[PDB]
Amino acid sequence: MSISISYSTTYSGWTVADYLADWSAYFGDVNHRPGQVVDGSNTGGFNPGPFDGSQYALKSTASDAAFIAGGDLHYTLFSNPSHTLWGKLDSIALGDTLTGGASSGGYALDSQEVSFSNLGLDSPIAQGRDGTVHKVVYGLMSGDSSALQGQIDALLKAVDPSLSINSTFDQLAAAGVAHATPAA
């Protein structure tokens, strides 16, 4: 099935590209890199975990921004190809105020702003950190939404060539690929 987007009415007049560039600036870069992951501050977590789940979620260290990647996700940790997030990425949910986790049976955003679902992304372990799933999620972890933007743009054009990341959320809803949720 086609990409589906859920958005708070707050962003009715925003474009997707604008929202993704903005959220990524707010979330910033958690600096989850070689030599820089030494404690719990920038790891994120899996549900149920510890290294696999229906969700991977991460809160910013520069704001209350957070994201939840949904699907059937796996982290290789030390194992060849090391430090690869792979599997099925069905959704990316973006917003503020991450809640829950494995001990609650699920992550949720208290202020979920925009979600992209039916992404249909499936990256095998053999692609390693060159896999699209890895690049999309690691991009969000590291202050660069470009990979996600590229995938959303391709998915939108597959369903309706008039839509792109420069379309407004209300434009996407008019076209039948998005739906607004109450802001207040």
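Between two forms, the rigid core is defined as the largest C-alpha subset superposing within 1.5 Å. Heads up: residue numbers just count along the shown sequence, starting at 1.
- When the other structures are laid on the shown form by the rigid core, the stretch among 100-108 and 86-94 with the greater C-alpha deviation in 6 other deposited structures of this protein turns out to be 100-108.
- Stretch comparison, 113-121 versus 40-48: after rigid core superposition, larger RMS CA deviation in 6 other deposited structures of this protein is found for 40-48.
- Per-stretch averaging of Cα B factors for 128-136 and 51-59 places 128-136 on top.
- Mean CA temperature factor is higher for 17-25 when stretches 166-174 and 17-25 are set side by side in the entry.
- Per the PDB entry, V38 shows the highest C-alpha temperature factor of the residues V38, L119, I68, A154.
- Residue-level temperature factors show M1 in the highest third of its chain, judged at the C-alpha atom.
- When all modelled residues of the chain are sorted by CA temperature factor, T76 is found within the lowest third.
- In the PDB entry, a CA B factor belonging to the lowest third of its chain's modelled residues is recorded for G45.
- Among the modelled residues of the chain, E113 sits in the middle third by CA temperature factor in this PDB entry.
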